[PDB]
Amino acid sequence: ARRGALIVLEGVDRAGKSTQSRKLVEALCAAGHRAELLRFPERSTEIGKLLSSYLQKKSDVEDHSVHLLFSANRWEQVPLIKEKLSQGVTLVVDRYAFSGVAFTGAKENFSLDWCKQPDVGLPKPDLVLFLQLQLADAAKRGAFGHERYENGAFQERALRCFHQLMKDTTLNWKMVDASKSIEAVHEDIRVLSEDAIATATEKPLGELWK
């Protein structure tokens, strides 16, 4: 009956969202929690394959259409998310609706309001971690990628959108200094996550942006 927590990891490019989400699930399970990992986009579904082809530049998709497919890709996982949480399983998610708004919101003539609407009503995270890293430190972690959106100019506009989203006080945002070592960042994230898991059993799962 004691529900699991919904924990989201957001963050700048190469700050370590995927490395930290994997390590968090491993550590929680080793400490006796029931925890599982999710990511968005979830490329395994029918909509997920359309999204993967788009990000790889194997296909072009009209900007509004692709924004709605990224949102639909979250909604198709909502029945699973609510089932797992109600069963006491904590979910750790590598990117969520915040990345959806920030990446479309970085394109010309896309307001933050329009971008948020499709995701209104999704399961509300109990904890949103944002992994911060200065661009000099990110550069040492590798060269850009060949997927769509992998260029500094675009990443910088998405970052401004993320800062606008962080003003929303309906959400439990926590900043994480992702400039430290893999292990030191993990310990900071893990302690914040243990606290969130404990309190989530106290209030019902909320709805995002409503």
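Rigid core here is just the name for the largest C-alpha set that superposes within 1.5 Å across the two forms. Note that residue numbering follows the sequence shown and begins at 1.
In 6 other deposited structures of this protein, superposed by the rigid core, the C-alpha atoms of 137 to 145 lie farther from the shown form than the other of 137 to 145 and 54 to 62.
Core superposition of the other structures onto this form places the C-alphas of 128 to 136 farther off in 6 other deposited structures of this protein than those of the other stretch among 68 to 76 and 128 to 136.
Between the stretches 122 to 130 and 101 to 109, it is 101 to 109 that shows the larger average CA temperature factor. Taking only CA atoms, the mean B-factor in the PDB entry is higher for 136 to 144 than for the other of 92 to 100 and 136 to 144.
Per the deposited coordinates, the residue with the largest Cα temperature factor out of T45, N172, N151, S65 is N151. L192: CA B factor lies in the middle third for its chain, per the PDB record. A198 sits in the highest third of its chain by CA B factor, as recorded in the PDB entry. Ranked by Cα temperature factor within the chain, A27 sits in the lowest third according to the deposited record. Among the modelled residues of the chain, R39 sits in the lowest third by CA temperature factor in this PDB entry.
Annotation for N73: C-alpha temperature factor in the lowest third relative to the rest of the modelled chain, per the entry.
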